[PDB]
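Visitor: Take this structure first; my questions come after.
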Amino acid sequence: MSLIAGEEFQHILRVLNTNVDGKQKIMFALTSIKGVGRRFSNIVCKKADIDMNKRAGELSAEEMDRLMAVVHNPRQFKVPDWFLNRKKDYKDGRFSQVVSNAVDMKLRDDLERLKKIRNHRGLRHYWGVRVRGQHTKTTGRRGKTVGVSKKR
Amino acid sequence: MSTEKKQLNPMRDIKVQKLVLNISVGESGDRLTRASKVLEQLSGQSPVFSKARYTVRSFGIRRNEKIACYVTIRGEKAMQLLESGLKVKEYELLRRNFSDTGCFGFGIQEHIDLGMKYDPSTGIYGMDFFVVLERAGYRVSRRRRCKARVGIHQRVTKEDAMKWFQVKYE
Amino acid sequence: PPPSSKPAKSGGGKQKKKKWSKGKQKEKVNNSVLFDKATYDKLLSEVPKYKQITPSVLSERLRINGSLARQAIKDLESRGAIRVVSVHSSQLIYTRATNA
Amino acid sequence: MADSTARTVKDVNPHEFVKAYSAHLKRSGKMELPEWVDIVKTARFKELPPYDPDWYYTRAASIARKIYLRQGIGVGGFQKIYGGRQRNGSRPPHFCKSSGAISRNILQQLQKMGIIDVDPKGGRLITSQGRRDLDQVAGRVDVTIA
Amino acid sequence: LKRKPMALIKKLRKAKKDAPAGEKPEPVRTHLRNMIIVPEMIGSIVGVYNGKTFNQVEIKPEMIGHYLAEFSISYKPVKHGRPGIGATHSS
RNA sequence: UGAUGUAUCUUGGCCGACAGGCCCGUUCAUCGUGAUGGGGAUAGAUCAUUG
């Protein structure tokens, strides 16, 4: 065939891992990105040197590569734990950003956490009750099962 | 029986028997075997269908049916794979994944490698890249007629394995 | 005309999910297939002789093309002078080929 | 040529006014941001990548129509006007404005230029110069409307 | 280890009570030992009393409340004097 | 009959992302009718302020 200015294409990412998004503008698509708000998304594109209206899926290779690196790690931003290395387990490490599978994975480390530590938070997970406070008065069907016939 | 103490090498030194890149997931959960596409790209030749034999208790009654896919590579094609594959898991890291038998294996998404995501219609997270290392003489346990077991004398060691691979680009 | 089932201790019934969903567009707007001629001539150009003027949305619906997708097509034609749009706030407006 | 102009600095539907004005504002020497913007300045969407036509100008322009009629007007008078900051339903917000940082930055650059002065309590008042660009532009616009 | 003045948290530190304060150094110098029967909950953790036997009364029995190898940049009453309140509607 | 963005006891103003702490005193870019740019539930990290 004749080489026309973008192939035909379409695209499949894994990006983080396993994940394949498309149809959307890059700015808006990125919001998906197991790493972004509407607030974040615009920043990463311009820094990366990517327009708003360019869909993420239509882009050439190197533009996408720059995305994959910039999100997890980039120029006038960073993030590093620090303090004196003292503290064992858990900390914060400096707002993991990051985001996404590392955050879901650490969110387990964090569940697991409280529980051995024996704090009131962990103690709640073992029990299965919702930890940051609801009305309770009703609503919480999810929190530990379906409506369970009468009672006793 | 390790006989090293002589006057050594070129038959002794390790070589690559094979690199098998194998997927295990199943049909229906991602698809037909569509991460064949992803294998196809990363390795450079087409993967071949995996059927199963024996037990499951969990869905998986059909028996004869597509469930998995693999690429057994070797020559330059295996090495070329190693170079890309070798650099992605980080290094260095670690004695435990090596068996004593002198083979080592790792996981990660096919999407790791240079490669387009755009071409792979699916990515799929993990499944063994396996590297089979052996000495020249293997051909005796492999070949049909005059099969002989490989002796303790011949068989690669993790130490030997770590060394030859640690010799190259990690 | 009816709704669906009814809830379960949980719970809710629903029943309904849709047609689908293709004309994803903007991806097919870049690559040649819908962009080069066909979408403009067939959808846009073929429709016009039957009715000289049509609203963009109506065109949207019959043609089964995305509002954004033939906004772009319309704009190209407009430059050609094949079509002339008018205006309106809701991005709605009217689409005409030629006056005559 | 004057007649449409003059008035129109005042009476014209902003939207062509703000648009019309922002291009004239571009020419100026100034626009130092000293990287303050980047941290997360506005509503949601709204970090300042878009801003080179869309925030900065239209914001600079923004004050400027307001100040003529409204004056005297101060930093709180600015912060508010776009904003929400609604008592929530508690399922929403809404967005969040700032906007002490925002207001401040637009007012400084204008002062260096000679456009705005500050009264010791009534806030800052239009100079001869500030009327002079705003109104000589409100001039192009009334023509494009009619 | 290594350690020196100043430590993080979120809007807590200043003046605080004196009766549990005066008590706590005492097992340092005369060694690790018996639990300390303290209801007082407003005493922010500080790394000096690391790895030591403490109690707190949530209420009618003591619930032994060790400072661990993990337990510090947290708040005192969390540890073992609300899991009794909570535990008994999860049994 | 939507969404969002822009536009249509308090304060001055210098410094800030919310949250503060002071010196004086409907327009239109977008939305493509998409369980999403819907929806904000939930949970974790963490900063200030009332106390």
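Within each chain, counting starts at residue 1; across the structure tokens, chains are named A, B, ... in the order shown, with ligands numbered 1 upward in that order.
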As a list in words, please: the residues near residue 22 in chain B (cut-off 7 Å, only C-alpha atoms (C1' of nucleotides), same-chain neighbours under 3 positions excluded).
Guide: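 The contact residues come out as residues 69, 70, 71, 127, 128 and 129 of chain B.
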Visitor: Please report as a PDB file with N, CA and C atoms (P, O5', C5', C4', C3', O3' and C1' of nucleotides), in the first residue's frame which residues of chain F come no farther than 9 Å from chain D, using only C-alpha atoms (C1' of nucleotides).
Guide:
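Dumped to selection_11.pdb:
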ATOM      1  P     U F   4     -21.231  18.840  36.629  1.00  0.00           P
ATOM      2  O5'   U F   4     -19.876  19.489  36.192  1.00  0.00           O
ATOM      3  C5'   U F   4     -18.626  18.808  36.243  1.00  0.00           C
ATOM      4  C4'   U F   4     -17.676  19.281  35.139  1.00  0.00           C
ATOM      5  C3'   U F   4     -17.542  20.794  35.192  1.00  0.00           C
ATOM      6  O3'   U F   4     -16.674  21.106  36.254  1.00  0.00           O
ATOM      7  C1'   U F   4     -17.865  20.127  32.882  1.00  0.00           C
ATOM      8  P     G F   5     -15.660  22.219  36.597  1.00  0.00           P
ATOM      9  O5'   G F   5     -15.438  23.117  35.306  1.00  0.00           O
ATOM     10  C5'   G F   5     -14.081  23.190  34.858  1.00  0.00           C
ATOM     11  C4'   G F   5     -13.916  23.876  33.513  1.00  0.00           C
ATOM     12  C3'   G F   5     -14.345  25.334  33.602  1.00  0.00           C
ATOM     13  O3'   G F   5     -13.270  26.092  34.139  1.00  0.00           O
ATOM     14  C1'   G F   5     -15.237  24.364  31.842  1.00  0.00           C
ATOM     15  P     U F   6     -13.516  27.323  35.094  1.00  0.00           P
ATOM     16  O5'   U F   6     -13.722  28.482  34.052  1.00  0.00           O
ATOM     17  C5'   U F   6     -12.644  28.828  33.170  1.00  0.00           C
ATOM     18  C4'   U F   6     -13.201  29.479  31.908  1.00  0.00           C
ATOM     19  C3'   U F   6     -14.034  30.705  32.204  1.00  0.00           C
ATOM     20  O3'   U F   6     -13.151  31.809  32.469  1.00  0.00           O
ATOM     21  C1'   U F   6     -15.232  29.368  30.665  1.00  0.00           C
ATOM     22  P     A F   7     -13.615  32.838  33.580  1.00  0.00           P
ATOM     23  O5'   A F   7     -14.899  33.453  32.892  1.00  0.00           O
ATOM     24  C5'   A F   7     -14.671  34.409  31.847  1.00  0.00           C
ATOM     25  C4'   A F   7     -15.989  34.725  31.157  1.00  0.00           C
ATOM     26  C3'   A F   7     -17.084  35.409  31.967  1.00  0.00           C
ATOM     27  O3'   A F   7     -16.782  36.801  32.058  1.00  0.00           O
ATOM     28  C1'   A F   7     -17.968  33.551  30.476  1.00  0.00           C
ATOM     29  P     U F   8     -17.604  37.852  32.906  1.00  0.00           P
ATOM     30  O5'   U F   8     -19.142  37.454  32.744  1.00  0.00           O
ATOM     31  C5'   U F   8     -19.934  38.093  31.725  1.00  0.00           C
ATOM     32  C4'   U F   8     -21.434  37.796  31.858  1.00  0.00           C
ATOM     33  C3'   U F   8     -21.989  38.234  33.190  1.00  0.00           C
ATOM     34  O3'   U F   8     -22.138  39.650  33.173  1.00  0.00           O
ATOM     35  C1'   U F   8     -22.836  36.025  32.686  1.00  0.00           C
ATOM     36  P     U F  11     -15.082  38.446  53.644  1.00  0.00           P
ATOM     37  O5'   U F  11     -14.268  39.815  53.517  1.00  0.00           O
ATOM     38  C5'   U F  11     -14.796  40.847  52.659  1.00  0.00           C
ATOM     39  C4'   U F  11     -14.157  42.234  52.917  1.00  0.00           C
ATOM     40  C3'   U F  11     -12.776  42.529  52.331  1.00  0.00           C
ATOM     41  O3'   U F  11     -12.837  42.765  50.911  1.00  0.00           O
ATOM     42  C1'   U F  11     -12.834  43.398  54.546  1.00  0.00           C
ATOM     43  P     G F  12     -11.472  42.429  50.160  1.00  0.00           P
ATOM     44  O5'   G F  12     -10.452  43.600  50.530  1.00  0.00           O
ATOM     45  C5'   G F  12     -10.647  44.882  49.909  1.00  0.00           C
ATOM     46  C4'   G F  12      -9.559  45.909  50.274  1.00  0.00           C
ATOM     47  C3'   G F  12      -8.193  45.376  49.913  1.00  0.00           C
ATOM     48  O3'   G F  12      -7.795  45.406  48.602  1.00  0.00           O
ATOM     49  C1'   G F  12      -7.910  46.198  52.019  1.00  0.00           C
ATOM     50  P     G F  13      -7.549  45.440  47.104  1.00  0.00           P
ATOM     51  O5'   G F  13      -6.046  45.731  47.288  1.00  0.00           O
ATOM     52  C5'   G F  13      -5.105  44.705  47.052  1.00  0.00           C
ATOM     53  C4'   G F  13      -3.964  44.794  48.024  1.00  0.00           C
ATOM     54  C3'   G F  13      -3.369  43.397  48.232  1.00  0.00           C
ATOM     55  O3'   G F  13      -2.520  43.098  47.130  1.00  0.00           O
ATOM     56  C1'   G F  13      -4.097  44.090  50.157  1.00  0.00           C
ATOM     57  P     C F  14      -1.137  43.763  46.814  1.00  0.00           P
ATOM     58  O5'   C F  14      -0.135  43.215  47.909  1.00  0.00           O
ATOM     59  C5'   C F  14       1.210  42.847  47.581  1.00  0.00           C
ATOM     60  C4'   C F  14       1.906  41.691  48.310  1.00  0.00           C
ATOM     61  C3'   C F  14       1.601  40.192  48.073  1.00  0.00           C
ATOM     62  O3'   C F  14       2.345  39.690  46.955  1.00  0.00           O
ATOM     63  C1'   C F  14       1.509  40.637  50.499  1.00  0.00           C
ATOM     64  P     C F  15       3.543  38.692  46.743  1.00  0.00           P
ATOM     65  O5'   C F  15       3.388  37.698  47.943  1.00  0.00           O
ATOM     66  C5'   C F  15       4.365  36.769  48.370  1.00  0.00           C
ATOM     67  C4'   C F  15       3.748  35.748  49.343  1.00  0.00           C
ATOM     68  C3'   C F  15       3.031  34.592  48.698  1.00  0.00           C
ATOM     69  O3'   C F  15       4.004  33.889  47.936  1.00  0.00           O
ATOM     70  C1'   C F  15       1.853  35.047  50.758  1.00  0.00           C
ATOM     71  P     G F  16       3.891  32.407  47.464  1.00  0.00           P
ATOM     72  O5'   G F  16       2.333  32.244  47.238  1.00  0.00           O
ATOM     73  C5'   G F  16       1.898  30.905  46.991  1.00  0.00           C
ATOM     74  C4'   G F  16       1.272  30.237  48.222  1.00  0.00           C
ATOM     75  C3'   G F  16       0.157  29.342  47.791  1.00  0.00           C
ATOM     76  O3'   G F  16       0.775  28.210  47.189  1.00  0.00           O
ATOM     77  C1'   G F  16      -0.549  30.439  49.744  1.00  0.00           C
ATOM     78  P     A F  17       0.122  27.552  45.927  1.00  0.00           P
ATOM     79  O5'   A F  17      -1.410  27.551  46.310  1.00  0.00           O
ATOM     80  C5'   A F  17      -2.400  27.448  45.253  1.00  0.00           C
ATOM     81  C4'   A F  17      -3.455  26.392  45.450  1.00  0.00           C
ATOM     82  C3'   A F  17      -4.101  26.477  46.803  1.00  0.00           C
ATOM     83  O3'   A F  17      -5.039  27.582  46.916  1.00  0.00           O
ATOM     84  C1'   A F  17      -3.685  24.262  46.280  1.00  0.00           C
ATOM     85  P     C F  18      -5.361  28.128  48.430  1.00  0.00           P
ATOM     86  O5'   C F  18      -6.429  27.075  48.868  1.00  0.00           O
ATOM     87  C5'   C F  18      -7.708  26.969  48.242  1.00  0.00           C
ATOM     88  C4'   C F  18      -8.524  25.681  48.650  1.00  0.00           C
ATOM     89  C3'   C F  18      -9.180  25.668  50.068  1.00  0.00           C
ATOM     90  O3'   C F  18     -10.343  26.467  50.056  1.00  0.00           O
ATOM     91  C1'   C F  18      -8.316  23.377  49.713  1.00  0.00           C
ATOM     92  P     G F  25      -3.687  50.518  63.210  1.00  0.00           P
ATOM     93  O5'   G F  25      -5.168  50.614  62.695  1.00  0.00           O
ATOM     94  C5'   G F  25      -5.531  51.536  61.651  1.00  0.00           C
ATOM     95  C4'   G F  25      -6.908  51.233  61.095  1.00  0.00           C
ATOM     96  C3'   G F  25      -7.872  50.796  62.148  1.00  0.00           C
ATOM     97  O3'   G F  25      -8.349  51.981  62.709  1.00  0.00           O
ATOM     98  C1'   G F  25      -7.810  49.265  60.487  1.00  0.00           C
ATOM     99  P     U F  27     -27.477  31.165  24.982  1.00  0.00           P
ATOM    100  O5'   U F  27     -26.021  31.636  25.125  1.00  0.00           O
ATOM    101  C5'   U F  27     -25.225  32.188  24.113  1.00  0.00           C
ATOM    102  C4'   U F  27     -23.783  32.466  24.556  1.00  0.00           C
ATOM    103  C3'   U F  27     -22.836  31.336  24.284  1.00  0.00           C
ATOM    104  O3'   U F  27     -22.415  31.460  22.942  1.00  0.00           O
ATOM    105  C1'   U F  27     -22.420  31.842  26.444  1.00  0.00           C
ATOM    106  P     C F  28     -22.900  30.608  21.709  1.00  0.00           P
ATOM    107  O5'   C F  28     -21.624  29.762  21.933  1.00  0.00           O
ATOM    108  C5'   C F  28     -20.467  29.811  21.140  1.00  0.00           C
ATOM    109  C4'   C F  28     -19.402  28.998  21.868  1.00  0.00           C
ATOM    110  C3'   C F  28     -19.586  27.479  21.998  1.00  0.00           C
ATOM    111  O3'   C F  28     -19.203  26.930  20.786  1.00  0.00           O
ATOM    112  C1'   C F  28     -19.152  28.491  24.248  1.00  0.00           C
ATOM    113  P     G F  40     -23.231  12.334  42.186  1.00  0.00           P
ATOM    114  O5'   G F  40     -23.306  12.132  43.740  1.00  0.00           O
ATOM    115  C5'   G F  40     -22.175  12.266  44.596  1.00  0.00           C
ATOM    116  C4'   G F  40     -21.895  10.888  45.205  1.00  0.00           C
ATOM    117  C3'   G F  40     -20.723  10.878  46.191  1.00  0.00           C
ATOM    118  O3'   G F  40     -20.925   9.858  47.169  1.00  0.00           O
ATOM    119  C1'   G F  40     -20.156   9.545  44.260  1.00  0.00           C
TER     120        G F  40
END
Visitor: May I have the residues within 10 Å of range 19-22 of chain C as a PyMOL selection string, using only C-alpha atoms (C1' of nucleotides) and disregarding those fewer than 6 positions away in the same chain?
Guide: (chain A and resi 23) or (chain C and resi 64-66) or (chain F and resi 34)
Visitor: Once you have the residues from the selection above, write them out as a PDB file, in the first residue's frame, restricted to C-alpha atoms (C1' of nucleotides).
Guide:
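Heads up, here's the output in again.pdb:
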ATOM      1  CA  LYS A  23     -12.299   6.208  21.600  1.00  0.00           C
TER       2      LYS A  23
ATOM      3  CA  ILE C  64     -25.824   7.015  12.623  1.00  0.00           C
ATOM      4  CA  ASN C  65     -22.660   9.041  12.715  1.00  0.00           C
ATOM      5  CA  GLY C  66     -21.317  10.717  15.819  1.00  0.00           C
TER       6      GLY C  66
ATOM      7  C1'   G F  34     -21.407   6.310  26.731  1.00  0.00           C
TER       8        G F  34
END
Visitor: Which residues are near range 75-86 of chain E? Cut-off 9 Å, only C-alpha atoms (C1' of nucleotides), ignore same chain within fewer than 5 positions. Put them as a ChimeraX atom specification.
Guide: /A:117-121,123-124,127 /E:39-45,55-59,62-67
Visitor: Measuring atom to atom with only C-alpha atoms, identify which of D:125, D:132, D:3, D:8 is nearest to residue 72 in chain D.
Guide: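 Selected residue with least distance to residue 72 in chain D: D:125.
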Visitor: As a PyMOL selection string, which residues of chain C does DSSP assign to alpha helix (DSSP H)?
Guide: chain C and resi 27-30+32-35+38+46-50+56-63+67-80
Visitor: Could you please take those selected residues and save N, CA and C atoms as an mmCIF file, in the first residue's frame?
Guide:
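result-v1.cif, freshly written:
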data_model
loop_
_atom_site.group_PDB
_atom_site.id
_atom_site.type_symbol
_atom_site.label_atom_id
_atom_site.label_comp_id
_atom_site.auth_asym_id
_atom_site.auth_seq_id
_atom_site.Cartn_x
_atom_site.Cartn_y
_atom_site.Cartn_z
ATOM 1 N N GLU C 27 -11.102 8.066 16.131
ATOM 2 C CA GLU C 27 -10.136 7.081 15.665
ATOM 3 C C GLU C 27 -10.361 6.748 14.225
ATOM 4 N N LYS C 28 -11.627 6.443 13.845
ATOM 5 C CA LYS C 28 -12.004 6.247 12.473
ATOM 6 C C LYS C 28 -12.079 7.557 11.720
ATOM 7 N N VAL C 29 -12.210 8.706 12.424
ATOM 8 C CA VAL C 29 -12.095 10.019 11.815
ATOM 9 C C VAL C 29 -10.692 10.270 11.323
ATOM 10 N N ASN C 30 -9.616 9.778 12.010
ATOM 11 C CA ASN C 30 -8.311 10.067 11.508
ATOM 12 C C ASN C 30 -8.034 9.181 10.348
ATOM 13 N N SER C 32 -8.278 6.805 7.045
ATOM 14 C CA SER C 32 -8.860 7.155 5.787
ATOM 15 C C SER C 32 -10.271 6.669 5.598
ATOM 16 N N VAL C 33 -10.657 5.514 6.168
ATOM 17 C CA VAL C 33 -11.883 4.855 5.793
ATOM 18 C C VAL C 33 -13.137 5.697 5.840
ATOM 19 N N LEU C 34 -13.464 6.382 6.946
ATOM 20 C CA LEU C 34 -14.648 7.212 7.036
ATOM 21 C C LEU C 34 -14.411 8.644 6.657
ATOM 22 N N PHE C 35 -13.131 9.022 6.746
ATOM 23 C CA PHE C 35 -12.738 10.404 6.555
ATOM 24 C C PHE C 35 -12.550 10.817 5.069
ATOM 25 N N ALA C 38 -16.087 8.694 1.698
ATOM 26 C CA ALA C 38 -17.360 8.036 1.825
ATOM 27 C C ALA C 38 -18.276 8.694 2.802
ATOM 28 N N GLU C 46 -25.266 12.466 -0.030
ATOM 29 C CA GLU C 46 -26.413 11.742 -0.519
ATOM 30 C C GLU C 46 -27.672 12.203 0.148
ATOM 31 N N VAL C 47 -27.608 12.566 1.444
ATOM 32 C CA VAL C 47 -28.796 12.920 2.171
ATOM 33 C C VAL C 47 -29.404 14.196 1.685
ATOM 34 N N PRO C 48 -28.553 15.178 1.348
ATOM 35 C CA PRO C 48 -28.952 16.513 1.012
ATOM 36 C C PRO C 48 -29.894 16.594 -0.162
ATOM 37 N N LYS C 49 -29.744 15.952 -1.290
ATOM 38 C CA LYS C 49 -30.689 16.132 -2.354
ATOM 39 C C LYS C 49 -32.102 15.817 -1.949
ATOM 40 N N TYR C 50 -32.334 14.817 -1.074
ATOM 41 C CA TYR C 50 -33.704 14.561 -0.731
ATOM 42 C C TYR C 50 -34.262 15.738 0.015
ATOM 43 N N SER C 56 -28.254 19.281 11.989
ATOM 44 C CA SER C 56 -27.069 18.487 12.135
ATOM 45 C C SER C 56 -27.381 17.247 12.925
ATOM 46 N N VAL C 57 -28.085 17.386 14.065
ATOM 47 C CA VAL C 57 -28.474 16.274 14.876
ATOM 48 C C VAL C 57 -29.322 15.278 14.149
ATOM 49 N N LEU C 58 -30.309 15.734 13.343
ATOM 50 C CA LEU C 58 -31.171 14.816 12.640
ATOM 51 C C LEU C 58 -30.321 14.001 11.731
ATOM 52 N N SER C 59 -29.360 14.679 11.092
ATOM 53 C CA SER C 59 -28.417 14.098 10.192
ATOM 54 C C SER C 59 -27.626 13.112 10.992
ATOM 55 N N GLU C 60 -27.317 13.443 12.251
ATOM 56 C CA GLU C 60 -26.591 12.676 13.148
ATOM 57 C C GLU C 60 -27.230 11.305 13.349
ATOM 58 N N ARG C 61 -28.519 11.357 13.610
ATOM 59 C CA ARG C 61 -29.292 10.245 13.914
ATOM 60 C C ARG C 61 -29.566 9.349 12.764
ATOM 61 N N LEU C 62 -29.978 9.895 11.613
ATOM 62 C CA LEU C 62 -30.284 9.028 10.504
ATOM 63 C C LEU C 62 -29.031 8.384 10.030
ATOM 64 N N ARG C 63 -27.988 9.263 9.879
ATOM 65 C CA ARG C 63 -26.796 8.813 9.323
ATOM 66 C C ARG C 63 -26.163 7.855 10.257
ATOM 67 N N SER C 67 -21.945 12.946 16.533
ATOM 68 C CA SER C 67 -22.125 14.359 16.359
ATOM 69 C C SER C 67 -20.786 14.984 16.135
ATOM 70 N N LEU C 68 -19.734 14.553 16.841
ATOM 71 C CA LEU C 68 -18.422 15.085 16.598
ATOM 72 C C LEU C 68 -17.820 14.691 15.328
ATOM 73 N N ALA C 69 -18.087 13.437 14.945
ATOM 74 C CA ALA C 69 -17.539 12.891 13.762
ATOM 75 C C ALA C 69 -18.038 13.611 12.573
ATOM 76 N N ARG C 70 -19.353 14.000 12.481
ATOM 77 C CA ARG C 70 -19.611 14.729 11.240
ATOM 78 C C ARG C 70 -19.640 16.117 11.535
ATOM 79 N N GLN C 71 -19.380 16.610 12.767
ATOM 80 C CA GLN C 71 -19.014 17.993 12.796
ATOM 81 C C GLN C 71 -17.785 18.196 11.970
ATOM 82 N N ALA C 72 -16.772 17.321 12.107
ATOM 83 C CA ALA C 72 -15.566 17.545 11.369
ATOM 84 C C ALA C 72 -15.828 17.428 9.898
ATOM 85 N N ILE C 73 -16.639 16.435 9.484
ATOM 86 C CA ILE C 73 -16.892 16.239 8.083
ATOM 87 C C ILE C 73 -17.559 17.455 7.524
ATOM 88 N N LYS C 74 -18.517 18.018 8.277
ATOM 89 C CA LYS C 74 -19.270 19.156 7.852
ATOM 90 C C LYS C 74 -18.338 20.301 7.642
ATOM 91 N N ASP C 75 -17.373 20.483 8.553
ATOM 92 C CA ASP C 75 -16.513 21.620 8.458
ATOM 93 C C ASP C 75 -15.707 21.563 7.200
ATOM 94 N N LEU C 76 -15.218 20.369 6.818
ATOM 95 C CA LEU C 76 -14.441 20.258 5.615
ATOM 96 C C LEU C 76 -15.281 20.637 4.437
ATOM 97 N N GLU C 77 -16.537 20.156 4.389
ATOM 98 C CA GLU C 77 -17.390 20.435 3.272
ATOM 99 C C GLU C 77 -17.670 21.900 3.216
ATOM 100 N N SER C 78 -17.829 22.529 4.389
ATOM 101 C CA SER C 78 -18.150 23.923 4.455
ATOM 102 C C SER C 78 -17.065 24.679 3.754
ATOM 103 N N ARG C 79 -15.794 24.302 3.997
ATOM 104 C CA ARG C 79 -14.693 24.992 3.391
ATOM 105 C C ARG C 79 -14.798 24.844 1.904
ATOM 106 N N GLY C 80 -15.189 23.644 1.441
ATOM 107 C CA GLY C 80 -15.325 23.394 0.035
ATOM 108 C C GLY C 80 -16.397 24.294 -0.495
#
Visitor: For chain A, which residues have at least one atom within 12 Å of chain C, if we go by only C-alpha atoms? Write them as a ChimeraX atom specification, please.
Guide: /A:2-11,22-26,53-59,139-150
Visitor: Would you save the residues of that selection, restricted to C-alpha atoms, as an mmCIF file, in the first residue's frame?
Guide:
data_model
loop_
_atom_site.group_PDB
_atom_site.id
_atom_site.type_symbol
_atom_site.label_atom_id
_atom_site.label_comp_id
_atom_site.auth_asym_id
_atom_site.auth_seq_id
_atom_site.Cartn_x
_atom_site.Cartn_y
_atom_site.Cartn_z
ATOM 1 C CA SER A 2 0.823 3.716 -0.012
ATOM 2 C CA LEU A 3 2.149 5.103 3.303
ATOM 3 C CA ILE A 4 -0.479 7.606 4.498
ATOM 4 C CA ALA A 5 0.074 9.783 7.533
ATOM 5 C CA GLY A 6 -0.946 7.340 10.364
ATOM 6 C CA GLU A 7 -1.447 3.790 8.806
ATOM 7 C CA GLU A 8 -5.112 2.896 9.567
ATOM 8 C CA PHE A 9 -4.095 1.952 13.082
ATOM 9 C CA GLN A 10 -5.878 1.516 16.367
ATOM 10 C CA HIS A 11 -4.173 0.626 19.721
ATOM 11 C CA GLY A 22 -9.583 4.057 23.577
ATOM 12 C CA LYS A 23 -12.299 6.208 21.600
ATOM 13 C CA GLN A 24 -11.493 9.110 24.014
ATOM 14 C CA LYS A 25 -9.273 12.211 23.773
ATOM 15 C CA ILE A 26 -5.904 11.640 25.491
ATOM 16 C CA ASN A 53 -7.294 16.400 21.463
ATOM 17 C CA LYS A 54 -5.010 13.729 20.301
ATOM 18 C CA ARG A 55 -6.663 10.440 21.392
ATOM 19 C CA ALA A 56 -4.103 8.204 23.367
ATOM 20 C CA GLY A 57 -4.871 5.202 21.041
ATOM 21 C CA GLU A 58 -4.072 7.145 17.689
ATOM 22 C CA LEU A 59 -0.641 8.406 18.879
ATOM 23 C CA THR A 139 -27.428 0.810 55.032
ATOM 24 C CA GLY A 140 -24.471 -1.442 55.080
ATOM 25 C CA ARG A 141 -25.831 -4.342 53.271
ATOM 26 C CA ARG A 142 -22.730 -4.576 51.379
ATOM 27 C CA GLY A 143 -20.541 -4.318 54.456
ATOM 28 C CA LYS A 144 -21.246 -7.859 55.578
ATOM 29 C CA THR A 145 -24.049 -9.534 53.722
ATOM 30 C CA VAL A 146 -27.321 -9.438 51.851
ATOM 31 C CA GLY A 147 -30.578 -8.982 53.698
ATOM 32 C CA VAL A 148 -30.581 -11.992 55.805
ATOM 33 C CA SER A 149 -34.012 -13.046 56.290
ATOM 34 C CA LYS A 150 -35.388 -11.860 59.717
#
Visitor: Between CA of residue 43 in chain B and CA of residue 122 in chain B, what is the distance in Å, rounded to a tenth?
Guide: 15.3 Å
Visitor: Can you check which residues of chain F have any atom within 12 Å of chain E? Use only C-alpha atoms (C1' of nucleotides) and format it as a VMD selection string.
Guide: chain F and resid 46 to 49 51
Visitor: Deliver the residues from the most recent selection as a file, using C-alpha atoms (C1' of nucleotides), as a PDB file, in the first residue's frame.
Guide:
ATOM      1  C1'   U F  46      -2.138  12.779  54.628  1.00  0.00           C
ATOM      2  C1'   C F  47      -2.637  18.678  55.919  1.00  0.00           C
ATOM      3  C1'   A F  48      -5.095  22.589  58.646  1.00  0.00           C
ATOM      4  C1'   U F  49      -8.573  24.434  61.617  1.00  0.00           C
ATOM      5  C1'   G F  51     -11.276  21.801  70.860  1.00  0.00           C
TER       6        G F  51
END
Visitor: Write out as an MDAnalysis selection string each polymer residue whose atoms come within 8 Å of residue 152 in chain B, counting only C-alpha atoms (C1' of nucleotides); drop sequence neighbours fewer than 2 positions from it.
Guide: chainID B and resid 1:2 150 154:155
Visitor: Once you have the residues from the selection above, write them out as a short mmCIF file (atom, residue, chain, number, x, y, z; two decimals), in the first residue's frame, restricted to C-alpha atoms.
Guide:
data_model
loop_
_atom_site.label_atom_id
_atom_site.label_comp_id
_atom_site.auth_asym_id
_atom_site.auth_seq_id
_atom_site.Cartn_x
_atom_site.Cartn_y
_atom_site.Cartn_z
CA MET B 1 30.73 -36.50 39.68
CA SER B 2 31.53 -32.90 38.35
CA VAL B 150 22.28 -37.24 31.73
CA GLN B 154 26.93 -33.62 32.80
CA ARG B 155 24.03 -31.92 34.56
#
Visitor: Among range 10-75 of chain E, which residues does DSSP mark as strand (DSSP E or B) when it is run on the backbone? Keep the chain and numbering as in the structure and answer as an MDAnalysis selection string.
Guide: chainID E and resid 55:57 62:64
Visitor: Which value, in Å to one decimal, gives the distance between CA of residue 97 in chain B and CA of residue 141 in chain B?
Guide: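 Result for CA of residue 97 in chain B versus CA of residue 141 in chain B: 24.2 Å, one decimal.
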Visitor: Name the residues in contact with residue 149 in chain B at a cut-off of 12 Å, using only C-alpha atoms (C1' of nucleotides), excluding same-chain residues fewer than 4 positions from it; report them as a ChimeraX atom specification.
Guide: /B:137-143,153-155
Visitor: Hey, which bits of chain F sit within 12 Å of chain C, and for each residue what's the closest pair of atoms and how far apart in Å (one decimal), counting only C-alpha atoms (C1' of nucleotides), rows by chain and increasing number, as CSV?
Guide:
residue,atom,partner,partner_atom,distance
F:26,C1',C:89,CA,9.7
F:27,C1',C:89,CA,8.2
F:28,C1',C:89,CA,8.0
F:29,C1',C:91,CA,11.3
F:30,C1',C:68,CA,10.5
F:31,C1',C:68,CA,9.7
F:32,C1',C:66,CA,5.8
F:33,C1',C:66,CA,10.7
F:34,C1',C:21,CA,8.9
F:35,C1',C:17,CA,9.1
